[PDB]
């Protein structure tokens, strides 16, 4: 069994909605990013690649490579996972922690878990997502951006 850790942040910018964990969440402002800026799935991906010792998302899919411009983060997630499985690993479980003052992630989590468990090919039971605010403190508390952390256990 191997453990992995990921972390990511994206700044708000433009018009909503935002895409977090695959779910299109309505919000006043949107997220600035090369990809779809899915903070939750980037953080999750790095955690998996991390536990597989494959580096990180920016190693496999370059921030600068133009093909990833607007790229569906679930696409990157599924590839990183394909590569991880090929290296001989199987999913233990993952846990995601979305750090955002707003929007309200709560109602979108079940669906977030459906997408992720799909992409990973596991039961939703091996996938957990939660959220927290930083009580108006920080760039997150000020609504400047969203951050997200994640851990994964591979077998």
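Each form is matched to the other, and the largest set of C-alpha atoms that superpose within 1.5 Å is called the rigid core. Positions refer to the first chain, counted from 1.
**Request:** Just give me the stretch that moves more in 9 other deposited structures of this protein: 107-115 or 61-69, judged by RMS C-alpha distance after a core fit.
**Result:** Farther from the shown form on average in 9 other deposited structures of this protein: 61-69.
**Stretch exceeding the other in mean C-alpha B-factor - 135-143, 14-22** = Here the higher of the two C-alpha B-factor means belongs to 14-22.
**Message:** Using only C-alpha atoms and the B-factors in the entry, which stretch averages higher, 113-121 or 92-100?
**Reply:** Comparing averages over the C-alpha atoms only gives 113-121.
**Asked** Taking the values straight from the PDB record, which of 28, 38, 126, 46 has the highest C-alpha temperature factor?
**Response** If I rank 28, 38, 126, 46 by C-alpha B-factor, first place goes to 28.
**Prompt:** Taking the C-alpha B-factors as the PDB entry records them, is residue 59 in the lowest, middle or highest third of its chain?
**Reply:** Top third by C-alpha B-factor.
**Message:** Where does the C-alpha B-factor of residue 3 rank in its chain, lowest, middle or highest third?
**Reply:** Its C-alpha B-factor belongs to the middle third of this chain's values.
**Request:** Going by the recorded CA B-factors, say which third of the chain residue 42 sits in, lowest, middle or highest.
**Result:** For residue 42, whose C-alpha B-factor we compare with every modelled residue in the chain, the answer is the lowest third.
**Request:** Just say lowest, middle or highest third for the CA B-factor of residue 34 relative to the other modelled residues in its chain.
**Result:** As the PDB entry reports it, the C-alpha B-factor of residue 34 lands in the highest third of its chain.
**Request:** Sorting the chain's modelled residues by C-alpha B-factor, tell me whether residue 106 ends up in the lowest, middle or highest third.
**Result:** Its C-alpha B-factor, which the entry lists for residue 106, ranks in the middle third among residues of this chain.
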